[PDB]
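Two versions of one and the same chain are coming, encoded as C-alpha cells; call them structure 1 and structure 2.
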Structure 1
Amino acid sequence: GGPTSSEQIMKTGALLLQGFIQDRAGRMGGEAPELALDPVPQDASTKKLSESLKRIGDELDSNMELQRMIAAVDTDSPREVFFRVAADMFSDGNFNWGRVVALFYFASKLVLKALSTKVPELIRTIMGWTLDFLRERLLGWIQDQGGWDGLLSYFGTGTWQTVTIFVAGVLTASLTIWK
C-alpha cells in the first residue's frame, strides 16, 4: 500500500501540521518571507482530511479548560513540555486516532503562541519534534492501520463533537500532570 509507505505517512503528517498552522498564522507560515515553508499541495483526500481536522481544532479551541492549560505552557523553551505531553499521551502502549489528533493540535497551538518571537524557527523546531515523534512512535501503528485514512472513522459523522470531548480530556489530563 502506497498510503502505508513510511514516506507518504510522513509527508501527510507534515502537510496536516502545516495546514493547521497556516490557518491561524496566515501565509509565510512563520513570519520571515525568505524563510516561509511553501504549502505543498494537497490532493482531494488530504484536503478532506485537513478540513476535518480544522473543524475538530475549532471545537477544541472552544474548550475553555483545555485553553487555560495550553496557555500556561511556557513557549520560550517548549522542548520539555512538548515531549513530556507527547510521551504521556501514549504511555500505556496503546494507540488511537484521538491521541494523534490531540498531539498535532497541541503542536500547532504551541507554534501559534511562539508567534511572538522567532515564528519560522519555532515552526520548524516544533514541526521537527512532531514529525520525529510521529516517525519514532506512531508510524508503525499508522502502517498497521493502512494509512492516515482511518482517522476520519474515529470521529464519525454526526458524533465528532462528542468524540472531541474525550480528545480534549486526554490532552488536558497530560498538561495537568506537567502543571
Structure 2
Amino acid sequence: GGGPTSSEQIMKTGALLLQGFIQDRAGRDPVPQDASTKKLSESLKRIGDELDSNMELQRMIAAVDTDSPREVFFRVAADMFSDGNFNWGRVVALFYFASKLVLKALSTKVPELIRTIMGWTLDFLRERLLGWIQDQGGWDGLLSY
C-alpha cells in the first residue's frame, strides 16, 4: 500500500525534493534519496541552475523587504497560482523561490545574530573588564601592548 499518488508519498517525496533542492542552491549535510528521487532531483537542478542565471530575478529577490519572509512567501505563492492553473514548471519555480528565501532570510537574520552576540560580549565587558581597561587608559593601551 501507499504509492506515488497517495498524499503521504507526495508530502514525503516533496519534503525530500525541497530539502535537497534548498541545500543544493545554498552551495553558492546532504539528504537520503532512493534511485527515483535522485532522478527527480536532477530534473530540478537544471531548472534551478537556469533560474540562477536570471539576473533580473536575482535583483528583485534581493530587493524584497524581508521584514516578513513568511508574508513574502505566501504572497508570492498565492499570486503565482491565482489564475487557477497548474503545471510542473510553476511548482518547481515555487520550490526555487523557497530556496532563495532561505538565503535571503539569513541575510537578514545574520546581522541580528552578531548584534546579539555582541550584546553579550559588551555586557560582559562593561561589567567585568572595564575597570581594568580604564587603568590602561582605555583601548589606547592596546596600541602599546
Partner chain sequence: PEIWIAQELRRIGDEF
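FYI, numbering is relative to structure 1, first residue = 1. Under this definition, the rigid core comprises the largest set of C-alpha atoms superposing within 1.5 Å between the forms.
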Open item on the list: Deciding between structure 1 and structure 2, tell me which is the form deposited without its partner chain.
Closed with: 1
Open item on the list: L53: after superposing the rigid core, is there a C-alpha shift of 2 Å or more between structure 1 and structure 2?
Closed with: no
Task: Post core alignment: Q143 C-alpha displaced by 2 Å or more between structure 1 and structure 2 - done: yes
TODO: Could you check whether the CA atom of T125 moves 2 Å or more between structure 1 and structure 2, using the rigid core for the fit?
DONE: yes
TODO: Please state the CA displacement of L112 between structure 1 and structure 2 in angstrom, with both forms fitted on the core.
DONE: 1.9
Open item on the list: What does the CA of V100 shift by between structure 1 and structure 2 after fitting on the core? Give it in Å to one decimal.
Closed with: 0.1
- [ ] Report, in Å with one decimal, the C-alpha displacement of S77 between structure 1 and structure 2 after core superposition.
- [x] 2.3
